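To start, the structure under review is shown below, and the notes come after it.
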Amino acid sequence: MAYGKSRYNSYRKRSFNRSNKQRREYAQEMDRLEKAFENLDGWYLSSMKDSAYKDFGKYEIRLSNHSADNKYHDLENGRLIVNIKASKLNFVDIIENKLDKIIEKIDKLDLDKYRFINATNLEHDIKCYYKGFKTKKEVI
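Heads up: take any position in the sequence shown, counting from 1, add 1, and you land on my numbering.
Put into structure tokens, the structure is as follows:
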């Protein structure tokens, strides 16, 4: 807490919940997730940032577990970036509908139009900003 928390000593906006599942279930999900990535064309996994992402050649999008503390990066590809949060168990499910949402959205208008875009769990709502901040935004 020496630094990086200054004013924010602790993340107040937290569910303060606790895990109620055995590591066995998570381990099984991990193997399933890895298998999906193996047969998932355009998807890559990194051990350093245990995460997966898919590139369309126009922009880079990546998915992460329930934790989004790693969604931030200091590397830019010069292309729009999409932050997607989803559970490993429902990871496959999130891409099935999430991918569809992006494909449909890109059809009507390129996603490159929005400087900053972000996706949320199926239950959560998704929205994009033209300049990353403004009254004008898109939601699906």
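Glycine included, every Cβ here is placed at the ideal spot set by N, Cα and C.
* Quick check: the region 31 to 48 against the region 76 to 83, are there 3 or more CB pairs under 8 Å? -> Judged by pairs of C-beta atoms under 8 Å, the region 31 to 48 does not touch the region 76 to 83, as fewer than three such pairs exist.
* Whole-angstrom Cβ separation of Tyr-54 and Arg-63, contact assumed at under 8 Å? -> Correct: roughly 3 Å between the Cβ atoms.
* Where the beta strand (DSSP E) through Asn-40 begins and ends -> From DSSP, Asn-40 is part of no beta strand (DSSP E); its letter is neither H nor E.
* Would you say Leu-81 touches the ligand MN, meaning its beta carbon is less than 7 Å from a heavy atom? -> The ligand MN is not among the ligands present in this structure, which contains no ligands whatsoever.
* **Exposure label - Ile-104; buried when at least 16 CB within 10 Å** => Classification of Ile-104: exposed, given that the 10 Å Cβ count is below 16.
* Look at the Cβ atom of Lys-99, then the Cβ atom of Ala-69, and state whether they are nearer than 8 Å. => Not in contact: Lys-99 and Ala-69 (Cβ atoms no closer than 8 Å).
* Alpha carbon to alpha carbon, how far is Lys-106 from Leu-112? -> C-alpha separation (whole angstroms): 7 Å.
* To do: Please report how far the alpha carbon of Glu-35 lies from the alpha carbon of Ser-48, in whole angstroms.
  => Approximately 12 Å, taken between the alpha carbons.
* Asked: In chain order, what residues of the same chain lie with their CB nearer than 8 Å to the CB of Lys-114, ignoring the 5 residues before and after it?
  -> Result list for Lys-114: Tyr-131, in chain order.
* **Rounded straight-line distance, which links the Cα of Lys-89 to that of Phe-38** => One C-alpha to the other measures close to 12 Å.
* Asked: Are there 16 or more other CB atoms within 10 angstroms of the CB of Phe-92, so buried, or fewer, so exposed?
  -> Counting C-beta atoms within 10 angstroms of its own C-beta, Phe-92 has 16 or more neighbours from the protein chains shown and is therefore classed as buried.
* **Identity of the residue in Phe-134, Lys-135 and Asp-94 nearest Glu-124 by Cα** => If we check each option's Cα against that of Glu-124, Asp-94 comes out closest.
* Asked: Which stretch, first to last residue, makes up the beta strand (DSSP E) that contains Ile-82?
  -> Per DSSP, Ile-82 belongs to the beta strand (DSSP E) from 82 to 86.
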